[PDB]
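Worksheet for the structure shown next.
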Amino acid sequence: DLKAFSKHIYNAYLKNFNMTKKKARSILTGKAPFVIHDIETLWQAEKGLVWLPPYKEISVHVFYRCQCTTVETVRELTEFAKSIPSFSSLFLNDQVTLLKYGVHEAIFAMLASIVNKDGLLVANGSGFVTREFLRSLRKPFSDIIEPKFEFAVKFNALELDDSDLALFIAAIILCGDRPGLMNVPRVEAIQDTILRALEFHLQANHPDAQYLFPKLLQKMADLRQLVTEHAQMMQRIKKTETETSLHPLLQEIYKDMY
Amino acid sequence: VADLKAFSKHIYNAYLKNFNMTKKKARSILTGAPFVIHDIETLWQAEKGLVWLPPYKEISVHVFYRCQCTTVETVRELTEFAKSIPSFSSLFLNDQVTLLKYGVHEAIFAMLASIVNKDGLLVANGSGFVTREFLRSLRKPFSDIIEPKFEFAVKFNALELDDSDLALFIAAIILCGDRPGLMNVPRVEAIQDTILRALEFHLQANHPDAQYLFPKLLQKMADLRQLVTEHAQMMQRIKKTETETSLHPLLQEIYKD
Ligand SMILES: CCCOc1ccc(C[C@H](CC)C(=O)O)cc1CNC(=O)c1ccc(C(F)(F)F)cc1
Ligand SMILES: CCCOc1ccc(C[C@H](CC)C(=O)O)cc1CNC(=O)c1ccc(C(F)(F)F)cc1
Ligand SMILES: CCCCCCCO[C@@H]1O[C@H](CO)[C@@H](O)[C@H](O)[C@H]1O
Ligand SMILES: CCCCCCCO[C@@H]1O[C@H](CO)[C@@H](O)[C@H](O)[C@H]1O
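Chains L and C are the protein sequences, given in the same order.
Residues 174 to 204, 209 to 228, 235 to 441 in the UniProt record's numbering are what the first sequence spells out, letter by letter.
Residues 172 to 203, 209 to 228, 235 to 439 in the UniProt record's numbering are what the second sequence spells out, letter by letter.
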């Protein structure tokens, strides 16, 4: 039962996410991606090497590429969630509420799978943008990038695998205290099942890991704080960068966050 | 032209797959038997097992609660119907909820005509029939919301649509481009235009002698928006003046501004 619950989550994870942490770790080690570290390498990458509103500047273009990856990951998270036991049994408005307040927590957790202390895989791992180059971007666009590296480095130290992350992201999405949730008891019930499955799974998968389950619970609290700060940065970019576009899907997500 | 016939058939199959009651099944029941509910005693009989919730209050509120129940179940079926429609599922989930939020009541009142005649209304999968006169005898403001639906339904049933017609008509109601807060307006308008073209084509083949049928149905869509507007006003009065009466949570989200 509880193994069948976890296996179903793991299969929905492998089915709906093109880039897994296993595939990504093979690329980042050497089992090669074009390194993007300045304007010239980025232009070459955008000229067919690796791969939107009109080109404004270098920092805004990268900002636009960040939005694009979010839109694509929301599509995958929506299909992943719809393959979760009794997520589809929720009314559609509750499904949207869980995705609205959960996608960025899940996105920032899954970014760790394609991130190291030096940079980030882009476009199915065919490219690799460096942390140094992303730091060099203009403000406020550089402000939204570095905190994700800091979280991802410490999160990768826990050495979770795809089977772990499948339950971890499922627990992020099915969160009982999202604002405006209609059927809170049902969501809390599903969440409690996922957390039990997660603890059960971590026992077999990481028998030597000390305090791993409460460590992951703390990571979930960290992710909510990371998203709150990110949402405030995004709202200031919306205020101060009036010529910079925001994808309509992201506009609906950040509308009421404070 | 060739894609339209297949597009229509796919929508009809989604109709037959997801709705508990069709107009074909309903009209055969209404012509010959359902237990007739016409007063308090028959209604109690129906609840005790002959035919079939928040805590009881009174008879008019109990019928009001059963009205909410049929809406909740029809929203479930309309959501599965819409999800089987071409390119509805391709919209982001928040656009799907917006279309359903502002469309389900227009579609519900259109589909209500299938189980209504001038004398009353089928209930509980057609095993019951509640009379129009009994529903009229309920306490205001609860009897206020019932009678205009009969009035719309009898005039709507005069058009003599069948289920294949209604499948496209319901799809056009849901895929409405001017719903408040719609994100991808051009994509919804494009899907609606395809449905309206499929509907026009379908009406020519299925009702070859029917005059002005397609613009009549477009007018019915406008009538349905006015019917829902007046209904929401009446629901606001019930929410204001009947404070002891509960409103199902799904309906609170639909009627929230
Ligand atoms: C791990 C470093 C931080 O990355 C991110 C930080 C924040 C967000 C949240 C978004 C921001 C709009 C949201 O609010 O939705 C997303 C990312 C993901 N970035 C990318 O995938 C990316 C970056 C650069 C390139 C390029 F090649 F162009 F350089 C291509 C892809
Ligand atoms: C054609 C008559 C009008 O019916 C309706 C009017 C308005 C709405 C919209 C709702 C109102 C809360 C909403 O706002 O969502 C729904 C219905 C559907 N009624 C029923 O199916 C029904 C009625 C009575 C019984 C009983 F036998 F118990 F008496 C059982 C079922
Ligand atoms: C089952 C589909 C039909 C559901 C219709 C009800 C939709 O309600 C709306 O759901 C949204 C959350 O997604 C909220 O943001 C809105 O405030 C709310 O009004
Ligand atoms: C693609 C799934 C994840 C996207 C989440 C986007 C959430 O947007 C919300 O959609 C609701 C209608 O559904 C509106 O009522 C809210 O105002 C809006 O904030």
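All C-beta atoms in this analysis are idealised placements derived from N, C-alpha and C, irrespective of residue type, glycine included.
Are the C-beta atoms of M192 (chain L) and some chain C residue less than 8 Å apart? It does not: the Cβ of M192 (chain L) has no partner Cβ on chain C nearer than 8 Å.
Under 8 Å between beta-carbons, which chain L residues line up against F316 (chain C)? List them in chain order, please. At a beta-carbon threshold of 8 Å, none of the residues of chain L lie near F316 (chain C); the nearest stands roughly 31 Å away.
Which bits of chain C does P431 (chain L) rub up against, with CB to CB less than 7 Å? One finds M365 in chain C with Cβ atoms closer than 7 Å to the Cβ of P431 (chain L), taken in chain order.
How is the beta strand (DSSP E) around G225 (chain L) delimited, first residue to last? For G225 (chain L), no beta strand (DSSP E) segment is defined, and its DSSP state is neither H nor E.
Rounded to whole angstroms, what is the Cα-Cα separation between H181 (chain L) and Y247 (chain L)? Going from the Cα of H181 (chain L) to the Cα of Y247 (chain L) covers about 34 Å.
Starting from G285 (chain L) and walking both ways along the alpha helix (DSSP H), at which residues does that stretch end? For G285 (chain L), the enclosing alpha helix (DSSP H) covers residues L275 to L294.
By the DSSP assignment, the beta strand (DSSP E) with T313 (chain L) in it spans what residues? Its beta strand (DSSP E) spans residues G310 to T313.
Validate contact between the region 427–437 of chain C and the region 260–273 of chain C using beta carbons, cut 8 Å, 3 pairs: Short answer: they don't touch.
Go through its chain and collect everything with a Cβ distance to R318 (chain L)'s Cβ below 7 Å, but skip five positions before and after it. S325 and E329.
Length of the line joining the Cα atoms of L433 (chain C) and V286 (chain C): Across the structure, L433 (chain C) and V286 (chain C) are spaced so that their CA atoms are roughly 11 Å apart.
Taking Cβ to Cβ, would you say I352 (chain C) is nearer than 8 Å to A292 (chain C)? Yes, the pair counts as a contact, with Cβ atoms nearer than the cut-off.
At least one CB of chain C closer than 8 Å to the CB of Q278 (chain L): is that the case? When Cβ-Cβ separations below 8 Å define contact, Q278 (chain L) makes contact with chain C.
Taking a contact to mean a Cβ-Cβ separation below 8 Å, would you say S266 (chain C) touches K196 (chain C) in this structure? Between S266 (chain C) and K196 (chain C), the CB-CB gap reaches or exceeds 8 Å.
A349 (chain L), buried or exposed, once every other Cβ within 10 Å from all chains shown has been counted against 16: Residue environment for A349 (chain L): buried (at least 16 other C-beta atoms within 10 angstroms of its C-beta).
Look at the Cβ atom of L364 (chain C), then the Cβ atom of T280 (chain C), and state whether they are nearer than 8 Å. Yes. Within cutoff.
Please list, in chain order, all residues of the same chain as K421 (chain C) whose beta carbon is under 7 Å from its beta carbon, the five residues on each side excluded. Within the same chain, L429 come within 7 Å of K421 (chain C) by CB-CB distance, once the 5 residues on both sides are set aside.
Chain L within 8 Å of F263 (chain C), Cβ atoms only: So no, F263 (chain C) is outside the interface.
Among C:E412, C:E223, C:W220 and C:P431, which one has its Cα closest to the Cα of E288 (chain C)? Distance from the Cα of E288 (chain C) is smallest, within the candidate group C:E412, C:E223, C:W220 and C:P431, for C:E412.
From the DSSP output, which residues share a beta bridge with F211 (chain C)? Assignment of beta-bridge partners to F211 (chain C) by DSSP yields C:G310.
Within 7 Å: the Cβ of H287 (chain L) and any heavy atom of ligand 2? No, the beta carbon of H287 (chain L) sits no closer than 7 Å to any heavy atom of ligand 2.
Taking three-plus beta-carbon pairs below 8 Å as touching, is the region 371–379 of chain C in contact with the region 329–349 of chain C? Segments in contact, no.
Can you name the residues of chain C whose CB is closer than 9 Å to the CB of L282 (chain L)? Result: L275 and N276.
Indicate whether at least one CB of chain L lies closer than 8 Å to the CB of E259 (chain C). No, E259 (chain C) lies away from the interface with chain L (no Cβ there is under 8 Å from its Cβ).
Say the cut is 7 Å; is the CB of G302 (chain C) nearer than that to a heavy atom of ligand 3? No, ligand 3 has no heavy atom inside 7 Å of this Cβ.
Any heavy atom of ligand 1 closer than 7 Å to the CB of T261 (chain L)? No, Cβ of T261 (chain L) sits at least 7 Å from all heavy atoms of ligand 1.
Out of L:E255, L:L341, L:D301 and L:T423, which one is the CA nearest neighbour of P397 (chain L)? Among L:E255, L:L341, L:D301 and L:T423, the Cα nearest to that of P397 (chain L) is on L:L341.
Taking the C-alpha atoms as reference points, what is the distance between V245 (chain L) and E217 (chain L)? Distance between the alpha carbons of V245 (chain L) and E217 (chain L) is about 14 Å.
Below 8 Å between beta carbons: does that hold for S346 (chain L) and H389 (chain L)? No. Outside cutoff.
Which of helix, strand or coil does DSSP assign to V367 (chain L)? DSSP places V367 (chain L) in helix when its eight states are reduced to three.
Quick check on the DSSP output: the beta strand (DSSP E) that includes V305 (chain C) runs from which residue to which? Element bounds for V305 (chain C): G302 to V305.
Tell me whether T280 (chain L), by its Cβ, gets closer than 7 Å to a heavy atom of ligand 3. At least one heavy atom of ligand 3 falls within 7 Å of the beta-carbon of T280 (chain L).
For chain C, is any of its Cβ atoms less than 8 Å away from the one on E342 (chain L)? Not an interface residue.
Does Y394 (chain C) pass the burial test, meaning 16 or more other C-beta atoms within 10 Å, or should it be called exposed? Exposed, since its Cβ has fewer than 16 Cβ neighbours within 10 Å.
Cross-chain neighbours of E435 (chain C) in chain L, by beta carbon under 8 Å: Per Cβ cutoff of 8 Å: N276 and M365.
Among L:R419, L:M416, L:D391 and L:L381, whose alpha-carbon lies nearest the alpha-carbon of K176 (chain L)? Closest by alpha carbon: L:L381.
Is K438 (chain C) near ligand 2, judged by its Cβ being under 7 Å from some heavy atom? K438 (chain C): no, Cβ never under 7 Å from ligand 2.
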